[PDB]
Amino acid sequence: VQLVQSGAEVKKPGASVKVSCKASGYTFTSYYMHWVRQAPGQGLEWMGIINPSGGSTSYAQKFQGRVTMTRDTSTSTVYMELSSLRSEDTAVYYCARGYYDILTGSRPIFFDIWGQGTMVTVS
């Protein structure tokens, strides 16, 4: 039971980056998948959420227009794509599994399973 992300990537200003996040060990379509990025030496910033059962998303306003989250249920993989890259986008990008409260059937947004992370560097 783990989440494994794609390798580190280096990009030029104005390009796009697509990070993958493969799930293993659990029912993929039952847990929401969030994305959190961390600039070097900085804090954590939540980007958005995708629900693997249906594909509905919800992005933070800061990233509305540049972020796109998709899913492939056959491969159990979540993709996050960021366009119009600038210097502020150099960060480690994590995919994180949303907690599921078995008792109440609710999904409060805190993260029990994290991915390795993916370093994206922008010139």
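Throughout, we count residues from 1 along the sequence that is shown.
- Look at the mean CA B-factor for 44 to 52 and for 23 to 31 in the entry; the higher one is 23 to 31.
- Ranked by C-alpha B-factor against the other modelled residues of its chain, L103 falls in the highest third.
- When all modelled residues of the chain are sorted by CA temperature factor, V10 is found within the highest third.
- The entry lists a Cα temperature factor for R86 that places it in the highest third of the chain's modelled residues.
- In the deposited entry, the Cα temperature factor of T75 places it in the highest third of its chain's modelled residues.
- The entry lists a Cα temperature factor for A39 that places it in the highest third of the chain's modelled residues.
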